[PDB]
Every structure is written in structure tokens, then in C-alpha cells.
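Here's the structure we're looking at; comments come further down.
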Protein chains: 2
Amino acid sequence: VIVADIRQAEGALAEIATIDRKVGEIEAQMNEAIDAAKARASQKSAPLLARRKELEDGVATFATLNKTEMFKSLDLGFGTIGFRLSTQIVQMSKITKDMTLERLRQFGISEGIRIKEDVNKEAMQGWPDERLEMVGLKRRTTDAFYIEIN
Amino acid sequence: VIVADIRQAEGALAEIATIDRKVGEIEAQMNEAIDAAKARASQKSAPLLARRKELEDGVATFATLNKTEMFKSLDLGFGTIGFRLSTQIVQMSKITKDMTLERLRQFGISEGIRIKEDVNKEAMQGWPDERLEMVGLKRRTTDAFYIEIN
């Protein structure tokens with residue numbers, strides 16, 4: 001396209017604003033198709049997963065109440081049941097994860113700590129250009145074109 | 001449900017494995033409905049957004065080539081066009097964001113730095129219970145029931 005004068009811009013920005021209105025409504029129909037699918041899926045499978053619970057439980061009390069004689073891992077053809085040992089490391093009772101860090105740090109244990117550092121671009125903003133230059137940063141100042149539909 | 005004997009478990013784990021097979025196929029149909037919607041949406045709007053580009057550009061060269069006389073922000077009824085000043089702070093040319101941090105830190109500027117610390121649960125794992133206790137951590141050891149379909 002070639003926009004040779006002010007009327008021809010006016011033109012373009014009516015078309016553009018027609019596309020925005022079209023597109024943005026293509027994207028309403030998709031979110032109705034997707035909305036509907038998520039709703040069918042979850043409609044049909046809520047009762048199946050309710051039933052799977054009852055049964056899952058079911059076998060559970062049975063396998064505990066009968067535990068001592070019965071087991072490792074009893075094969076049931078359709079799959080295995082049984083008991084497994086999972087160790088997890090967790091906070092002590094009244095101790096937050098930040099208190100564990102400060103302790104790791106009081107004791108000098110840096111292997112205990114995971115750090116992710118980042119530059120604070122907002123204390124930066126109120127610096128002069130020279131202070132930025134010393135920390136390896138520059139203000140990039142753009143004059144950019146904007147079409148801005150109503 | 002009440003699973004009073006080994007045959008009745010066998011029962012349950014055939015049903016369960018039927019649900020898993022049903023559900024997990026409800027969830028294939030949804031991802032075909034959603035797959036299809038994302039594909040219609042993006043089919044109809046690829047040409048509309050191609051056209052929006054041509055026009056967007058279009059007005060752009062026109063507004064630059066004609067810049068000095070023409071502008072702030074010319075109103076076109078359907079919306080505004082023009083030029084705006086956006087300042088952004090960015091890395092200097094051969095300087096990574098980690099070198100800017102180390103510099104911030106060489107100079108003692110802690111306001112420049114954003115930290116997010118975290119406990120390394122993997123150096124933890126090879127600790128005795130007592131070392132954990134001092135940093136406020138405990139090994140929680142669970143014996144859990146597992147039904148595990150084939």
C-alpha cells in the first residue's frame with residue numbers, strides 16, 4: 001500500500017479498525033469453541049473420576065485393614081497394588097523457609113542456598129547517564145510511530 | 001464401595017483401568033475440538049493480520065516521509081496517529097546483565113539488585129537428621145498406598 005495524503009490515511013485507519021473488530025471477534029468464537037469443549041470434557045468425566053475415587057479408596061482401606069499378612073507389591077493382573085516409601089524434606093513446625101535460609105547463612109552453608117539475582121531497572125531510571133555507564137547500562141531513547149484506534 | 005477380598009480388588013482395578021482408558025480419551029476429543037478451533041481462528045485471521053500490516057506500515061512511511069510539517073498527534077476520527085517518546089534502559093554493547101550485577105556489587109549498590117533466595121533441597125538430602133534439625137528442617141518419611149495400572 002502507498003498512503004500519499006491525509007484522506008488516504010483516514011482510509012487505512014478505517015480498514016485497520018475494521019480488521020481489529022473482525023479479528024477480535026474471530027477470537028471470541030474460538031474461546032466459545034474452546035469454552036464448550038472444556039465444558040463437555042469435564043461434564044462427562046466428573047462422574048467417571050468420582051467413581052474412580054470410591055474404587056481407589058475402597059481398595060485402599062482393604063489393603064491397609066489387611067496389611068500385615070498381605071504384603072511388598074501384590075500383582076493383580078490389571079495392575080499392581082501395595083505400599084511405597086517416599087522420603088520428603090520439609091520445614092519444622094514453626095519455622096518458615098526464610099528462617100531456614102538465614103540459618104543456612106548464619107552457619108556459612110552456601111551449598112544450601114539457591115540464588116537468582118536480577119537488575120532492578122527501577123532504581124536505575126532515576127540515575128544520570130554516567131552512573132549508568134559505569135555499571136554497563138545505557139538509556140536508549142526511541143521516537144516511535146503510533147497508530148492508536150479508538 | 002467395600003473391597004472384602006482379593007478377587008474384589010482385581011474387580012475394582014479392572015474398572016479403574018476402564019475409567020483411565022475412558023477419561024484419557026474424553027481428553028483426546030477435547031484436544032481435537034480445541035485443536036480445531038485454534039486452527040480455524042488462525043486460518044481466517046492470518047490474511048486479516050497480513051492486511052493490517054501493509055496498512056499499518058503504509059501509514060508509517062507516509063507519516064515519517066511527511067514528518068516535520070505534519071506533527072504531536074494528528075486525529076483521524078477513526079483514531080490517532082503520530083510519534084511518541086519511550087525511554088528504555090538497556091545493556092551496553094559488550095556487557096551482559098550478570099556483569100552489570102557484579103559491578104553493582106563491586107560498588108556496593110544493593111538497591112540496584114533484585115534477589116530471590118531458595119533452599120536447595122538436594123544438598124539437604126545427604127544430611128543427617130541433626131544437621132537438618134539445626135537449620136529447621138525434618139525428614140518426613142511416608143509409607144503410602146499405591147495402585148499402579150499397567
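Chain lettering (A, B, ...) mirrors the order of the C-alpha cells, residue numbering begins at 1 for each chain separately, and ligand numbering begins at 1 in order of display.
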
Helix (DSSP H, G or I) call set, DSSP backbone run, region 15-87 of chain B, as a PyMOL selection string
chain B and resi 15-65+67-70

Near residue 63 (chain A), within 10 Å and counting only C-alpha atoms, which residues show up once chain neighbours fewer than 6 positions away are dropped, as a PyMOL selection string?
(chain A and resi 57+70-71+74+81-83) or (chain B and resi 3-6+9+145-146)

Export of the given selection (N, CA and C atoms) as a short mmCIF file (atom, residue, chain, number, x, y, z; two decimals), in the first residue's frame:
data_model
loop_
_atom_site.label_atom_id
_atom_site.label_comp_id
_atom_site.auth_asym_id
_atom_site.auth_seq_id
_atom_site.Cartn_x
_atom_site.Cartn_y
_atom_site.Cartn_z
N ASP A 57 -10.08 -45.45 46.77
CA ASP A 57 -10.23 -45.53 48.21
C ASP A 57 -10.46 -47.00 48.56
N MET A 70 -0.64 -59.56 54.07
CA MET A 70 -0.84 -59.48 52.63
C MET A 70 0.39 -59.10 51.81
N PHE A 71 1.23 -58.22 52.37
CA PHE A 71 2.46 -57.72 51.69
C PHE A 71 3.73 -58.15 52.39
N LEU A 74 1.62 -56.76 45.71
CA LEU A 74 0.74 -57.80 45.17
C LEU A 74 0.27 -57.49 43.72
N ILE A 81 -0.90 -53.36 43.26
CA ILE A 81 -1.16 -52.51 44.39
C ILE A 81 -0.05 -52.71 45.39
N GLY A 82 -0.20 -52.07 46.55
CA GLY A 82 0.87 -52.03 47.56
C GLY A 82 1.25 -50.71 48.27
N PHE A 83 2.44 -50.75 48.88
CA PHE A 83 2.95 -49.69 49.76
C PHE A 83 4.37 -49.26 49.42
N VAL B 3 -14.18 -53.38 49.51
CA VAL B 3 -13.43 -54.43 48.82
C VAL B 3 -13.03 -55.61 49.73
N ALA B 4 -14.00 -56.43 50.15
CA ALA B 4 -13.78 -57.52 51.13
C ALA B 4 -12.78 -58.67 50.82
N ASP B 5 -12.29 -58.82 49.58
CA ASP B 5 -11.32 -59.90 49.34
C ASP B 5 -10.49 -59.71 48.10
N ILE B 6 -9.48 -60.55 47.89
CA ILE B 6 -8.59 -60.30 46.76
C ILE B 6 -9.28 -60.27 45.38
N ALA B 9 -10.70 -56.91 44.63
CA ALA B 9 -9.74 -55.88 44.34
C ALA B 9 -9.54 -55.95 42.84
N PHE B 145 0.10 -45.90 50.07
CA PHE B 145 -0.61 -46.87 49.22
C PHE B 145 -0.53 -46.53 47.76
N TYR B 146 -0.15 -47.50 46.93
CA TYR B 146 -0.20 -47.23 45.52
C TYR B 146 -0.89 -48.33 44.71
#

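Distance check against residue 137 (chain B) using only C-alpha atoms: of A:98, A:10, A:32, A:75, the minimum falls on A:98.
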
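Interatomic distance, CA of residue 34 (chain A) against CA of residue 50 (chain B): 24.7 Å.
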
Shell around residue 118 (chain B) at 9 Å using only C-alpha atoms, local window under 3 positions removed, as a ChimeraX atom specification:
/A:97-98,101,112-116 /B:121

What's around residue 14 (chain B) at 9 Å? Count only C-alpha atoms, leave out sequence neighbours fewer than 3 positions away in its own chain, and write the answer as a PyMOL selection string.
(chain A and resi 77-79) or (chain B and resi 9-11+17-19+149)

If I take CA of residue 41 (chain B) and CA of residue 40 (chain A), how far is one from the other in Å, to one decimal?
20.3 Å
